[PDB]
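Structure data follow from my_file.pdb (PDB, C-alpha atoms and all ligand atoms):
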ATOM      1  CA  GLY A   1     -24.400  -4.183 -17.672  1.00  0.00           C
ATOM      2  CA  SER A   2     -27.964  -4.584 -18.918  1.00  0.00           C
ATOM      3  CA  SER A   3     -26.390  -4.636 -22.381  1.00  0.00           C
ATOM      4  CA  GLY A   4     -27.690  -6.243 -25.560  1.00  0.00           C
ATOM      5  CA  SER A   5     -27.715 -10.011 -26.022  1.00  0.00           C
ATOM      6  CA  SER A   6     -26.626 -12.269 -28.883  1.00  0.00           C
ATOM      7  CA  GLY A   7     -27.974 -15.785 -28.438  1.00  0.00           C
ATOM      8  CA  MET A   8     -31.020 -17.827 -27.457  1.00  0.00           C
ATOM      9  CA  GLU A   9     -33.636 -16.662 -24.950  1.00  0.00           C
ATOM     10  CA  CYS A  10     -36.354 -18.550 -23.076  1.00  0.00           C
ATOM     11  CA  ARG A  11     -39.748 -18.630 -24.791  1.00  0.00           C
ATOM     12  CA  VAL A  12     -41.827 -19.102 -21.639  1.00  0.00           C
ATOM     13  CA  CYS A  13     -40.544 -16.204 -19.538  1.00  0.00           C
ATOM     14  CA  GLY A  14     -37.819 -14.734 -21.726  1.00  0.00           C
ATOM     15  CA  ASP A  15     -34.711 -15.003 -19.563  1.00  0.00           C
ATOM     16  CA  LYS A  16     -31.696 -16.580 -21.265  1.00  0.00           C
ATOM     17  CA  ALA A  17     -32.534 -20.138 -22.319  1.00  0.00           C
ATOM     18  CA  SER A  18     -30.381 -23.141 -21.415  1.00  0.00           C
ATOM     19  CA  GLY A  19     -31.058 -24.839 -24.737  1.00  0.00           C
ATOM     20  CA  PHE A  20     -33.470 -27.049 -26.664  1.00  0.00           C
ATOM     21  CA  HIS A  21     -36.022 -28.448 -24.214  1.00  0.00           C
ATOM     22  CA  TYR A  22     -39.221 -30.181 -25.325  1.00  0.00           C
ATOM     23  CA  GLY A  23     -38.883 -28.509 -28.710  1.00  0.00           C
ATOM     24  CA  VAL A  24     -39.113 -25.039 -27.187  1.00  0.00           C
ATOM     25  CA  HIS A  25     -36.015 -23.210 -25.952  1.00  0.00           C
ATOM     26  CA  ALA A  26     -36.868 -22.836 -22.265  1.00  0.00           C
ATOM     27  CA  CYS A  27     -34.705 -21.835 -19.301  1.00  0.00           C
ATOM     28  CA  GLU A  28     -33.792 -23.830 -16.193  1.00  0.00           C
ATOM     29  CA  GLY A  29     -36.490 -22.149 -14.125  1.00  0.00           C
ATOM     30  CA  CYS A  30     -39.439 -22.565 -16.477  1.00  0.00           C
ATOM     31  CA  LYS A  31     -38.351 -26.017 -17.648  1.00  0.00           C
ATOM     32  CA  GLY A  32     -38.300 -27.228 -14.054  1.00  0.00           C
ATOM     33  CA  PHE A  33     -41.861 -26.043 -13.483  1.00  0.00           C
ATOM     34  CA  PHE A  34     -43.197 -27.739 -16.615  1.00  0.00           C
ATOM     35  CA  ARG A  35     -41.578 -31.139 -16.076  1.00  0.00           C
ATOM     36  CA  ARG A  36     -42.652 -30.961 -12.431  1.00  0.00           C
ATOM     37  CA  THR A  37     -46.280 -30.347 -13.398  1.00  0.00           C
ATOM     38  CA  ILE A  38     -45.982 -33.449 -15.576  1.00  0.00           C
ATOM     39  CA  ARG A  39     -44.063 -35.942 -13.439  1.00  0.00           C
ATOM     40  CA  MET A  40     -46.273 -34.828 -10.551  1.00  0.00           C
ATOM     41  CA  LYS A  41     -49.355 -34.529 -12.760  1.00  0.00           C
ATOM     42  CA  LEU A  42     -50.456 -31.422 -10.860  1.00  0.00           C
ATOM     43  CA  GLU A  43     -53.601 -29.589 -11.963  1.00  0.00           C
ATOM     44  CA  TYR A  44     -54.555 -25.908 -11.897  1.00  0.00           C
ATOM     45  CA  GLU A  45     -57.683 -23.750 -12.061  1.00  0.00           C
ATOM     46  CA  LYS A  46     -58.491 -22.016 -15.350  1.00  0.00           C
ATOM     47  CA  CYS A  47     -57.120 -18.483 -15.022  1.00  0.00           C
ATOM     48  CA  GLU A  48     -59.334 -16.286 -17.201  1.00  0.00           C
ATOM     49  CA  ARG A  49     -57.177 -13.250 -16.425  1.00  0.00           C
ATOM     50  CA  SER A  50     -54.754 -14.929 -18.830  1.00  0.00           C
ATOM     51  CA  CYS A  51     -51.749 -13.442 -17.035  1.00  0.00           C
ATOM     52  CA  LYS A  52     -48.524 -12.889 -18.977  1.00  0.00           C
ATOM     53  CA  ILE A  53     -45.458 -14.876 -17.921  1.00  0.00           C
ATOM     54  CA  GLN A  54     -42.595 -12.375 -17.813  1.00  0.00           C
ATOM     55  CA  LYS A  55     -39.031 -12.387 -16.487  1.00  0.00           C
ATOM     56  CA  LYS A  56     -39.616  -9.600 -13.965  1.00  0.00           C
ATOM     57  CA  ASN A  57     -42.556 -11.629 -12.657  1.00  0.00           C
ATOM     58  CA  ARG A  58     -42.219 -15.343 -13.405  1.00  0.00           C
ATOM     59  CA  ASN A  59     -43.501 -16.862 -10.161  1.00  0.00           C
ATOM     60  CA  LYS A  60     -46.730 -14.877 -10.488  1.00  0.00           C
ATOM     61  CA  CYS A  61     -49.362 -17.240 -11.887  1.00  0.00           C
ATOM     62  CA  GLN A  62     -49.292 -21.042 -11.975  1.00  0.00           C
ATOM     63  CA  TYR A  63     -52.024 -22.035 -14.427  1.00  0.00           C
ATOM     64  CA  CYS A  64     -51.032 -19.421 -17.004  1.00  0.00           C
ATOM     65  CA  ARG A  65     -47.425 -20.572 -16.647  1.00  0.00           C
ATOM     66  CA  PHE A  66     -48.194 -24.220 -17.406  1.00  0.00           C
ATOM     67  CA  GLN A  67     -50.542 -23.103 -20.181  1.00  0.00           C
ATOM     68  CA  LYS A  68     -47.970 -20.925 -21.944  1.00  0.00           C
ATOM     69  CA  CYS A  69     -45.723 -23.987 -22.127  1.00  0.00           C
ATOM     70  CA  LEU A  70     -48.411 -25.986 -23.929  1.00  0.00           C
ATOM     71  CA  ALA A  71     -49.280 -23.112 -26.263  1.00  0.00           C
ATOM     72  CA  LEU A  72     -45.637 -22.864 -27.330  1.00  0.00           C
ATOM     73  CA  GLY A  73     -45.722 -26.562 -28.162  1.00  0.00           C
ATOM     74  CA  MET A  74     -43.997 -28.264 -25.241  1.00  0.00           C
ATOM     75  CA  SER A  75     -43.824 -32.005 -25.909  1.00  0.00           C
ATOM     76  CA  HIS A  76     -45.360 -33.796 -22.924  1.00  0.00           C
ATOM     77  CA  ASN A  77     -44.791 -37.278 -24.348  1.00  0.00           C
ATOM     78  CA  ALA A  78     -41.034 -36.831 -23.953  1.00  0.00           C
ATOM     79  CA  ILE A  79     -40.544 -36.729 -20.184  1.00  0.00           C
ATOM     80  CA  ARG A  80     -40.339 -40.524 -20.290  1.00  0.00           C
ATOM     81  CA  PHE A  81     -36.793 -40.871 -21.622  1.00  0.00           C
ATOM     82  CA  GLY A  82     -33.760 -42.373 -19.913  1.00  0.00           C
ATOM     83  CA  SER A  83     -34.759 -42.289 -16.251  1.00  0.00           C
ATOM     84  CA  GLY A  84     -33.602 -44.052 -13.100  1.00  0.00           C
ATOM     85  CA  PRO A  85     -35.245 -47.390 -12.236  1.00  0.00           C
ATOM     86  CA  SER A  86     -37.959 -46.699  -9.661  1.00  0.00           C
ATOM     87  CA  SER A  87     -40.448 -49.044  -7.995  1.00  0.00           C
ATOM     88  CA  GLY A  88     -42.787 -49.833 -10.872  1.00  0.00           C
TER      89      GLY A  88
HETATM   90 ZN    ZN A 101     -37.876 -19.164 -18.763  1.00  0.00          ZN
HETATM   91 ZN    ZN A 102     -53.079 -16.406 -14.640  1.00  0.00          ZN
END
Rewrite the structure from the file as structure tokens, please.
Ligand SMILES: [Zn+2]
Ligand SMILES: [Zn+2]
Amino acid sequence: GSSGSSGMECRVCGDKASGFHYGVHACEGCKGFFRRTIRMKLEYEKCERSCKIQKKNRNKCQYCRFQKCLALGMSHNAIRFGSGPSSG
């Protein structure tokens, strides 16, 4: 098909977006990564190369990926909302 598209598309990678997520319309894939990096509080080394998160190559760079999310304006102080009761 590879035909045109009439709707919303991810802002991180580009692939069709699932909907409004953290202010930015991200897809299931990207979204997952972001949240994960938060809930897990994982860190990454500064990637000077400043790779470019694209659909064809999404799982290319980690740092850049997480960065792009922040640049777009991904709300980090939102993850904490309606969650299962876990050992506090
Ligand atoms: Zn995406
Ligand atoms: Zn990179």
Show me a table, sorted first by chain and then by increasing residue number, of the residues of chain A having an atom at most 6 Å from ligand ZN 101 (chain A), each with its shortest atom pair and the distance in Å to one decimal, counting only C-alpha atoms and all ligand atoms and written as JSON lines.
{"residue": "A:10", "atom": "CA", "partner": "A:ZN101", "partner_atom": "ZN", "distance": 4.6}
{"residue": "A:12", "atom": "CA", "partner": "A:ZN101", "partner_atom": "ZN", "distance": 4.9}
{"residue": "A:13", "atom": "CA", "partner": "A:ZN101", "partner_atom": "ZN", "distance": 4.1}
{"residue": "A:14", "atom": "CA", "partner": "A:ZN101", "partner_atom": "ZN", "distance": 5.3}
{"residue": "A:15", "atom": "CA", "partner": "A:ZN101", "partner_atom": "ZN", "distance": 5.3}
{"residue": "A:26", "atom": "CA", "partner": "A:ZN101", "partner_atom": "ZN", "distance": 5.2}
{"residue": "A:27", "atom": "CA", "partner": "A:ZN101", "partner_atom": "ZN", "distance": 4.2}
{"residue": "A:29", "atom": "CA", "partner": "A:ZN101", "partner_atom": "ZN", "distance": 5.7}
{"residue": "A:30", "atom": "CA", "partner": "A:ZN101", "partner_atom": "ZN", "distance": 4.4}
Practice task
Name the residues that the PyMOL selection byres (((not hetatm)) within 7 of (chain A and resi 102)) pulls out of this structure, and write them as a list in words.
Solution key: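 What the PyMOL selection byres (((not hetatm)) within 7 of (chain A and resi 102)) grabs from the file is residues 47, 48, 49, 50, 51, 61, 62, 63 and 64 of chain A.
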Problem - Point-to-point distance from atom CA of residue 37 of chain A to atom CA of residue 66 of chain A, Å rounded to tenths - result: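 Answer for the atom CA of residue 37 of chain A to atom CA of residue 66 of chain A separation: 7.6 Å.
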Going by the chain IDs and residue numbers used in this file, which residues fall under the PyMOL selection byres (((chain A and resi 23) around 10) and not hetatm)? Write them as a PDB file with C-alpha atoms, in the coordinates of the input.
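Ended up saving to expr_8.pdb:
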ATOM      1  CA  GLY A  19     -31.058 -24.839 -24.737  1.00  0.00           C
ATOM      2  CA  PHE A  20     -33.470 -27.049 -26.664  1.00  0.00           C
ATOM      3  CA  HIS A  21     -36.022 -28.448 -24.214  1.00  0.00           C
ATOM      4  CA  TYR A  22     -39.221 -30.181 -25.325  1.00  0.00           C
ATOM      5  CA  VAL A  24     -39.113 -25.039 -27.187  1.00  0.00           C
ATOM      6  CA  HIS A  25     -36.015 -23.210 -25.952  1.00  0.00           C
ATOM      7  CA  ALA A  26     -36.868 -22.836 -22.265  1.00  0.00           C
ATOM      8  CA  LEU A  72     -45.637 -22.864 -27.330  1.00  0.00           C
ATOM      9  CA  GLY A  73     -45.722 -26.562 -28.162  1.00  0.00           C
ATOM     10  CA  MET A  74     -43.997 -28.264 -25.241  1.00  0.00           C
ATOM     11  CA  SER A  75     -43.824 -32.005 -25.909  1.00  0.00           C
ATOM     12  CA  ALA A  78     -41.034 -36.831 -23.953  1.00  0.00           C
TER      13      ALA A  78
END
Practice task
Find, counting only C-alpha atoms, the residue in A:40, A:45, A:35, A:55 that gets nearest to residue 76 of chain A.
Solution key: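 So, comparing all the options, the nearest one is A:35.
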Report as a short mmCIF file (atom, residue, chain, number, x, y, z; two decimals) with C-alpha atoms, keeping the file's coordinate frame the full result of the PyMOL selection byres (((chain A and resi 8) around 9) and not hetatm) when it is applied to this structure.
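Listed below is the output, result27.cif:
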data_model
loop_
_atom_site.label_atom_id
_atom_site.label_comp_id
_atom_site.auth_asym_id
_atom_site.auth_seq_id
_atom_site.Cartn_x
_atom_site.Cartn_y
_atom_site.Cartn_z
CA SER A 5 -27.72 -10.01 -26.02
CA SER A 6 -26.63 -12.27 -28.88
CA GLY A 7 -27.97 -15.78 -28.44
CA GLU A 9 -33.64 -16.66 -24.95
CA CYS A 10 -36.35 -18.55 -23.08
CA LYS A 16 -31.70 -16.58 -21.26
CA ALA A 17 -32.53 -20.14 -22.32
CA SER A 18 -30.38 -23.14 -21.42
CA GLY A 19 -31.06 -24.84 -24.74
CA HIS A 25 -36.02 -23.21 -25.95
#
First collect every listed atom of segment 48-52 of chain A; then fit an axis-aligned box around them, widen it by 4 Å on each side, and give centre and edge lengths in Å to one decimal, as JSON.
{"center_x": -53.9, "center_y": -14.6, "center_z": -17.7, "size_x": 18.8, "size_y": 11.4, "size_z": 10.6}
Exercise for the section: Just give me the gap between atom CA of residue 52 of chain A and atom CA of residue 4 of chain A in Å, one decimal is fine. Expected result: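 Atom CA of residue 4 of chain A lies 22.8 Å from atom CA of residue 52 of chain A.
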Practice task
Find the distance between atom CA of residue 28 of chain A and atom CA of residue 59 of chain A and write it in Å to one decimal.
Solution key: 13.4 Å
Problem - Of the listed residues A:42, A:53, A:80, A:3, that which approaches residue 68 of chain A most closely, counting only C-alpha atoms - result: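 Of A:42, A:53, A:80, A:3, the one nearest residue 68 of chain A is A:53, counting only C-alpha atoms.
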